[PDB]
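Novice:
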Amino acid sequence: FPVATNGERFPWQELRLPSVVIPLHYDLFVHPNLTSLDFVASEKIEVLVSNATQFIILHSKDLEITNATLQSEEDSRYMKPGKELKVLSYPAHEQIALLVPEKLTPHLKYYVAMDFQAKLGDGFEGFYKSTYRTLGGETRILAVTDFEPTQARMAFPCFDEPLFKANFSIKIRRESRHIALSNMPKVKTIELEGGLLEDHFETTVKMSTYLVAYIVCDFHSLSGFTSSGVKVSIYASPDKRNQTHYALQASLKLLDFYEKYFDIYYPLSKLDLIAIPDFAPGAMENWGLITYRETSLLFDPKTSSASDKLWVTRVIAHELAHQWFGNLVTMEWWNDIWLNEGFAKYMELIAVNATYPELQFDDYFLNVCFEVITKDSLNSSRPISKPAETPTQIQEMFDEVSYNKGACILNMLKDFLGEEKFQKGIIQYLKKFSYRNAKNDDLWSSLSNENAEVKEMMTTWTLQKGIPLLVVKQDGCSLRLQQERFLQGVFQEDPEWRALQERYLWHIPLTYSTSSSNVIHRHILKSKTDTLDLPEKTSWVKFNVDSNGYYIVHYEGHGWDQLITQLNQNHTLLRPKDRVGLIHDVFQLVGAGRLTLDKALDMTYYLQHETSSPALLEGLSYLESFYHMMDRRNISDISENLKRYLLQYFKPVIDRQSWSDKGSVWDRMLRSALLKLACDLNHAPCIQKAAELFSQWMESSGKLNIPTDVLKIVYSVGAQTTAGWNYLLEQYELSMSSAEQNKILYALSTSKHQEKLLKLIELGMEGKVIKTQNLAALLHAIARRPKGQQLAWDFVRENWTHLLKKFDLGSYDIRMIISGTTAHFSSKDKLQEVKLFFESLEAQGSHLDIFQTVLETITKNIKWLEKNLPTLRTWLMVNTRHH
Ligand SMILES: *[C@@H]1O[C@H](CO)[C@@H](O[C@@H]2O[C@H](CO)[C@@H](O[C@@H]3O[C@H](CO[C@H]4O[C@H](CO)[C@@H](O)[C@H](O)[C@@H]4O)[C@@H](O)[C@H](O[C@H]4O[C@H](CO)[C@@H](O)[C@H](O)[C@@H]4O)[C@@H]3O)[C@H](O)[C@H]2NC(C)=O)[C@H](O)[C@H]1NC(C)=O
Ligand SMILES: *[C@@H]1O[C@H](CO)[C@@H](O[C@@H]2O[C@H](CO)[C@@H](O[C@@H]3O[C@H](CO[C@H]4O[C@H](CO)[C@@H](O)[C@H](O)[C@@H]4O)[C@@H](O)[C@H](O[C@H]4O[C@H](CO)[C@@H](O)[C@H](O)[C@@H]4O)[C@@H]3O)[C@H](O)[C@H]2NC(C)=O)[C@H](O)[C@H]1NC(C)=O
Ligand SMILES: COc1ccc(C(=O)O)cc1S(=O)(=O)Nc1ccc(C(F)(F)F)cc1N1CCCCC1
Ligand SMILES: *[C@@H]1O[C@H](CO)[C@@H](O[C@@H]2O[C@H](CO)[C@@H](O)[C@H](O)[C@H]2NC(C)=O)[C@H](O)[C@H]1NC(C)=O
Ligand SMILES: *[C@@H]1O[C@H](CO)[C@@H](O[C@@H]2O[C@H](CO)[C@@H](O)[C@H](O)[C@H]2NC(C)=O)[C@H](O)[C@H]1NC(C)=O
Ligand SMILES: *[C@@H]1O[C@H](CO)[C@@H](O)[C@H](O)[C@H]1NC(C)=O
Ligand SMILES: *[C@@H]1O[C@H](CO)[C@@H](O)[C@H](O)[C@H]1NC(C)=O
Ligand SMILES: *[C@@H]1O[C@H](CO)[C@@H](O)[C@H](O)[C@H]1NC(C)=O
Ligand SMILES: *[C@@H]1O[C@H](CO)[C@@H](O)[C@H](O)[C@H]1NC(C)=O
Ligand SMILES: N[C@@H](CCCC[NH3+])C(=O)O
Ligand SMILES: N[C@@H](CCCC[NH3+])C(=O)O
Ligand SMILES: [Zn+2]
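Per this note's numbering, the very first residue in the sequence shown carries number 119; after that it's consecutive.
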């Protein structure tokens, strides 16, 4: 039924490749030219034929195939010369067909040889070109690969599905001014007649096609050896070698931990980490050659803050964990992508907390779960395991549900089974499926070895969307436990609520503590309703200890009153993470209609005595978001009352903040948040100090030691004048620090001149001074402010076709460009314009799940204002009289 490009019929119909021909070994030779910006290449694929067939089906996209032969040492019909193969192209499924002269014999091995060529990509996928700037002002070119999920077919024809694992022998031809890096160590370099060089790399272990990598560049490196003898090297552009020191130290510690914790050595001799100047994701876990964004790998003590230090440590730990969860053990199909991303996201918590406990990443992990709850509490969410077929649908699987929710339900399972039993389970899981593939049921069986308990439990957490809501009622010593599906913007008395609660049931591993006993008590909630008996008549009971469970708790009667009373009288009687969860769940239930906003704002009164930075920053984030929500809607009477309440009720902790980098990680993050909040509210002492620091910095004409914790704040104030704004843009182009450029670009986005904001968008589109990889984050930073809100929304609508040429439809950049310019809307006027814009894109044949997610988010903001805006106005006005 499918027709090929030459008019003939295509002998294959399905998007999935046939299983009759299995690849065993790839011989891959690539000859890129960094002057003509193209390449020629050839390959020889050793395949095993299990079923007699007249054709071979392979993936190939945007590749010109010139030769195609089939040889065999076991089938004499295809001896040493071979037989020519006729190729048929079917771009709709990104497949090609290799028609053989005589049907292949089962159980015999063959060799598929092909010559192919194409230009270097101009985007971020496949084998594409990237540029960087030297300290002297030179621009250099490199060639780099990025294949996950389905872009290996853009560089070489292959069975581009993760189940078709095979060995890879890679050879790269290059000039003497370049080096060549790949997955495996370089075995030898041969000099060619014309003066070129050809690097031969060791044959890889069994691995999926999306992990193949090769780079041609002129980077420098710093090297070190782990305890197991693995040579770790950090690669970066030559003028940035000093910024690779921390990456090497962290990689050595983290790789050693992963080897001991997983009880499985890293199987390769070397592991390279390279900072790519043009890179779309944070990083990519190519086996033995992990590619990074410069902000994800490089660290400069002069311009990188402690939160940047935490960020680099997270990404390195994330990609090194992938060497086991991802490279060693891969999912069968992208429907279970969370087996890689969820575990790698989870192992961040275990590895960073064990290797760098001073970073206090354990407290920051709650933000990972709270972030995905925002999208999981909407109906437009999805189960973490969901079928996916098209390349766009596969790209949509890389979201907060696979990453964040996967890590959070794994942390919940760890707390239910215990660290020792959980660690033993994943060790058996990794050893059982080494160099093979696994699905969800494989993981549940490995963690089972009570058995049917964890499989039936985790089934409801992976095949059902959303997050459950635990409702607790307390009378005397009796506890009535009820579970519902937590919905945002949908009240219980709404007609849609009944239709959204049916056939939703979770096996929730409940954990609770009381005021009489701090001992943790556990109970598995399997049904819709259950009862529990308490030993003593306690004053309160706090469920979900430390928020280890992926569920929200609501208390009926005086439940919240008892807990809020406890916070105002003796807040240290509640665990520090219990306070974080309480502050979080209270404001979530206000949006759910189970609590009025004044009850939530009453809890924030105790924050005057809160010294635990996680809880303090959590409560401040809601008050800060409320202010910006009013500011964007020009509700000046509420925003002014919120500004005065913040600057007055939290004046003690604000005034005692220094403009330095002293203290622990959370001390420095508390400083940056408080001083950013104060300066955003135009607090005169904050503005006077920040403008003084920027003045001295600019008057120095160079870089004086400005504390990194206040670096983003100082630059933001300096960008409020055209003189300082022009100087920052000049400093941006000359900066050798990607972290500083990140902070500088944020400062330029805080300008109130629309001509300056449009210039940044134009520069981001041009991609020369401001790289296009920062366009999505730049549009978001401009849109979240009142002066740039309309500009960004207008730009996305008017230049949609131009944006779709820079990124793929399913790319994460397009997702943030759409969401980052629309999600913060909260008026029916904007909801209509967004609804019409999405409908026009649907007419053009572009469908994304982010469309309904944005629409539901905007409706939630509308209904949140309709239900709580007068309460917020009244509570603030009552506060001006309570003083
Ligand atoms: C990516 O693509 C680029 C562009 O195509 C390649 O760069 C060019 O590579 C070619 C081939 O290496 C270079 O051309 C050669 O230059 C040599 C140096 O020339 C000097 O010496 C001669 C006398 O010997 C003088 O006349 C000349 O003015 C210079 O002073 C020449 O010696 C070579 O000539 C010989 O080779 C050619 C082969 O085609 C013969 O036809 C000639 O008759 C002669 O025998 C040759 O001209 C060229 O200079 C490069 N360009 C640049 C800008 O550097 C990359 O090599 C390629 N990279 C990869 C990895 O593919
Ligand atoms: C494609 O990639 C796969 C990997 O996925 C390769 O398979 C490996 O092949 C090598 C060489 O044939 C094997 O290396 C040998 O390993 C032995 C121990 O292996 C055990 O332990 C590991 C630990 O993880 C298990 O994974 C494994 O299944 C075994 O249980 C060593 O004892 C060997 O060293 C000794 O033997 C050789 C040969 O006699 C001597 O020369 C040495 O000096 C030494 O005395 C050897 O190192 C490896 O085990 C295989 N791995 C797997 C997972 O099967 C393919 O070879 C590769 N294909 C191509 C064409 O490159
Ligand atoms: C492979 O990548 C990651 C590895 C590990 C982690 C981990 O959990 O530590 C996360 C990512 S990520 O891809 O999720 N990273 C990200 C997310 C959101 C944003 C946003 F701008 F929307 F806020 C930006 C980024 N990065 C960081 C700097 C800007 C460039 C991309
Ligand atoms: C973060 O790391 C710390 C330090 O190892 C962990 O605390 C240890 O936990 C084990 C098991 O519960 C105890 O046997 C140790 O005595 C603890 N040590 C200390 C210093 O407290 C902590 O559990 C880790 N956090 C997570 C979430 O895994
Ligand atoms: C909430 O989400 C569910 C699941 O996506 C929706 O149920 C499906 O909705 C689509 C389109 O509305 C229908 O084509 C399907 O037949 C529905 N399936 C079922 C089993 O109901 C539901 O409509 C959504 N509700 C709201 C209010 O958006
Ligand atoms: C391959 O051959 C086996 C041999 O029994 C058969 O069961 C299977 O259906 C065949 N599959 C295809 C796709 O021909
Ligand atoms: C890198 O660090 C060394 C260490 O002494 C120093 O000499 C050199 O000037 C530094 N270079 C850059 C570009 O920071
Ligand atoms: C909070 O609890 C501690 C622990 O008993 C106690 O020492 C402290 O006085 C309490 N705070 C107040 C304000 O009572
Ligand atoms: C905000 O409202 C005031 C009062 O109606 C008006 O003068 C001002 O122009 C408005 N500004 C914006 C940005 O909407
Ligand atoms: N697997 C990568 C993401 C690849 C995204 C490719 N567009 C990770 O660790 O998150
Ligand atoms: N620290 C990163 C930003 C991380 C964004 C997290 N959502 C940077 O330098 O840009
Ligand atoms: Zn990942």
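The beta carbon of each residue, even a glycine, is placed where N, CA and C say it ideally should be.
The beta strand (DSSP E) with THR508 in it runs from where to where?
Specialist: Numbered from its first residue, the sequence shown carries residue 508 at position 390. From DSSP, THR508 is part of no beta strand (DSSP E); its letter is neither H nor E.
Novice: Cβ of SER425 within 8 Å of any heavy atom in ligand 11?
Specialist: Along the sequence shown, read from residue 1 onward, the residue named residue 425 stands at position 307. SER425 Cβ: within cutoff of ligand 11.
Novice: Hey, could you find the ends of the beta strand (DSSP E) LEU650 is sitting in?
Specialist: In the sequence shown, counting from the first residue as 1, residue 650 sits at position 532. Counting along the chain, the beta strand (DSSP E) containing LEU650 begins and ends at 647 to 651.
Novice: Within the continuous beta strand (DSSP E) that includes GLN189, where are the two ends?
Specialist: The sequence position of residue 189 within the sequence shown is 71, counting from 1. Segment 182 to 189, the beta strand (DSSP E) holding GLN189.
Novice: Thinking just about the alpha-carbon of each residue, which of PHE397, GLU507, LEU370 and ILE392 is nearest to the one in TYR384?
Specialist: Counted from its first residue, the sequence shown places residue 384 at position 266. Answer by Cα proximity: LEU370.
Novice: Along the chain, where does the alpha helix (DSSP H) containing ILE638 start, and where does it finish?
Specialist: For this step, residue 638 is matched to residue 520 along the sequence shown. Premise fails: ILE638 is in no alpha helix (DSSP H) and is neither H nor E.
Novice: Using only CA atoms, which one of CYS804, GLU220 and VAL698 lies nearest to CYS487?
Specialist: Along the sequence shown, one-based indexing puts residue 487 at 369. Ranking the options by Cα distance to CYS487, first place goes to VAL698.
Novice: Specify the secondary structure class of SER754 as computed by DSSP and reduced to three states.
Specialist: As a first step, residue 754 is located in the sequence shown; it is residue number 636 there, counting from the start. It is helical.
Novice: Taking only the alpha-carbon atoms, compute the straight-line gap between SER190 and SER287 and give it to the nearest angstrom.
Specialist: The residue labelled residue 190 in the question sits at position 72 within the sequence shown. The residue labelled residue 287 in the question sits at position 169 within the sequence shown. Computed Cα separation, rounded: 19 Å.
Novice: Nearer than 8 Å: is that true of the beta carbon of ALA401 relative to any heavy atom of ligand 10?
Specialist: By one-based count along the sequence shown, residue 401 stands at place 283. Yes, the Cβ of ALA401 comes within 8 Å of a heavy atom of ligand 10.
Novice: Could you tell me how far apart the beta carbons of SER423 and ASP827 are, in whole angstroms, since I believe they sit closer than 8 Å?
Specialist: Here the question's residue 423 lines up with position 305 in the sequence shown. Here the question's residue 827 lines up with position 709 in the sequence shown. With 8 Å as the limit, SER423 and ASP827 qualify as a contact, their Cβ atoms being about 5 Å apart.
Novice: Taking 8 Å as the cut-off, does the CB of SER168 come closer than this to any heavy atom belonging to ligand 6?
Specialist: The residue given as residue 168 occupies position 50 in the sequence shown. Yes, the Cβ of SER168 comes within 8 Å of a heavy atom of ligand 6.
Novice: Confirm, please, whether the CB-CB distance from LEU628 to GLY667 is below 9 Å.
Specialist: Within the sequence shown, numbered from 1, the residue matching residue 667 stands at position 549. Within the sequence shown, numbered from 1, the residue matching residue 628 stands at position 510. Cβ distance < 9 Å, so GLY667 and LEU628 count as in contact.
Novice: Would you check whether ligand 12 has a heavy atom nearer than 8 Å to the C-beta of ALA462?
Specialist: For the purposes of this step, residue 462 is taken as residue 344 along the sequence shown, with counting starting at 1. For ligand 12, at least one heavy atom lies less than 8 Å from the Cβ of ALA462.
Novice: Assign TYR622 to one of three DSSP states: helix, strand, or coil.
Specialist: The residue given as residue 622 occupies position 504 in the sequence shown. Of the three classes helix, strand and coil, the one that applies to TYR622 here is coil, per DSSP.
Novice: Which residue marks the beginning of the beta strand (DSSP E) containing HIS338, and which one marks its end?
Specialist: Within the sequence shown, numbered from 1, the residue matching residue 338 stands at position 220. Looking at the DSSP string, the run of the beta strand (DSSP E) that includes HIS338 is 338 to 343.
Novice: Pick out the complete beta strand (DSSP E) segments inside the stretch 467 to 500, 3 residues or longer, and give them in chain order.
Specialist: Fully enclosed beta strand (DSSP E) runs of 3 or longer: not present.
Novice: Who are the Cβ neighbours of residue 1018 in its own chain at under 6 Å, not counting the five residues just before and after it?
Specialist: Because the chain here runs from 119 to 1001, residue 1018 falls outside it and cannot be looked at.
Novice: Under 8 Å by Cβ, that's how I've got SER631 and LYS660 pegged, so tell me the actual separation to the nearest angstrom.
Specialist: Here residue 631 refers to the residue found at position 513 of the sequence shown. Here residue 660 refers to the residue found at position 542 of the sequence shown. With a Cβ gap of about 5 Å, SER631 and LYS660 count as contacting.
Novice: Beta carbon of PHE397, beta carbon of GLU412: below 9 Å?
Specialist: As a working note, residue 397 is residue 279 in the sequence shown. As a working note, residue 412 is residue 294 in the sequence shown. Yes.
Novice: Could you check whether the stretch 234 to 250 touches the stretch 924 to 938, counting it as contact only if at least three pairs of C-beta atoms, one from each stretch, sit closer than 8 Å?
Specialist: Yes, the stretch 234 to 250 is in contact with the stretch 924 to 938.
Novice: Would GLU320 be called buried (16 or more neighbouring beta carbons within 10 Å of its own) or exposed?
Specialist: As a first step, residue 320 is located in the sequence shown; it is residue number 202 there, counting from the start. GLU320 should be labelled buried.
Novice: For the stretch 476 to 487 and the stretch 460 to 467, state whether three or more C-beta atom pairs, one from each stretch, are separated by less than 8 Å.
Specialist: Yes, the stretch 476 to 487 is in contact with the stretch 460 to 467.
Novice: Could you say which of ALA261, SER869 and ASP679 lies nearest to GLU293 if we only look at CA atoms?
Specialist: In the sequence shown, counting from the first residue as 1, residue 293 sits at position 175. Nearest C-alpha to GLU293: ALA261.
Novice: Could you please go through the chain and list the residues whose beta-carbon is closer than 6 Å to any non-hydrogen atom of ligand 1?
Specialist: Going along the chain, the residues that qualify are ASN151, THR153, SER154, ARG291, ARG292, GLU293, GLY312, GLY313 and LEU314.
Novice: On the criterion of 16 or more Cβ atoms from any shown chain inside 10 Å, does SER665 qualify as buried, or is it exposed?
Specialist: Residue mapping note: residue 665 aligns to position 547 of the sequence shown, counting from 1. With 16 or more Cβ atoms within 10 Å of its Cβ, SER665 is classed as buried.
Novice: Determine, using beta-carbon pairs with one atom in the stretch 795 to 807 and one in the stretch 828 to 839, whether at least three such pairs fall under 8 Å.
Specialist: Touching, per the Cβ criterion.
Novice: Can you find a heavy atom of ligand 5 that lies under 8 Å from the Cβ of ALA617?
Specialist: Position 499 of the sequence shown, counting from 1, holds the residue named residue 617. Yes - ligand 5 has a heavy atom lying nearer than 8 Å to the Cβ of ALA617.
Novice: Please enumerate, following chain order, all residues with a beta carbon closer than 7 Å to at least one heavy atom belonging to ligand 8.
Specialist: In chain order, the qualifying residues are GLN687, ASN688, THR690 and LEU691.
Novice: The alpha helix (DSSP H) spanning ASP696 covers which residue range?
Specialist: The sequence position of residue 696 within the sequence shown is 578, counting from 1. 694 to 710 is the span of the alpha helix (DSSP H), which, as asked, contains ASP696.
Novice: Does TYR673 come out as helix, strand or coil in the three-state DSSP assignment?
Specialist: As a working note, residue 673 is residue 555 in the sequence shown. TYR673 falls in the strand class under three-state DSSP.
Novice: I'd like to confirm the pairing. Which residues does DSSP put opposite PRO141 in its beta bridges?
Specialist: Here residue 141 refers to the residue found at position 23 of the sequence shown. DSSP, once it has assigned bridges, lists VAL165 as partnering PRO141.
Novice: Rounded to whole angstroms, what is the Cα-Cα separation between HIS871 and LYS905?
Specialist: By 1-based counting over the sequence shown, the position of residue 871 is 753. By 1-based counting over the sequence shown, the position of residue 905 is 787. Cα to Cα, the separation comes out at about 8 Å.
Novice: In its own chain, which residues sit with a C-beta less than 8 Å from the C-beta of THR268, not counting the 5 before and 5 after it?
Specialist: As a position in the sequence shown, residue 268 is number 150, starting the count at 1. Cβ neighbours of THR268 beyond the five flanking positions: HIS177, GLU212, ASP278, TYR328, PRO509 and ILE512.
Novice: With distances taken from CA atoms, which of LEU896, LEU921 and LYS948 is nearest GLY938?
Specialist: Taking the first residue of the sequence shown as 1, we reach residue 938 at position 820. Ranking the options by Cα distance to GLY938, first place goes to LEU896.
Novice: Name the DSSP beta bridge partners of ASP156, please?
Specialist: Residue 156 sits at position 38 when you count from the first residue of the sequence shown. DSSP lists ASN151 and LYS237 as partners of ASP156.
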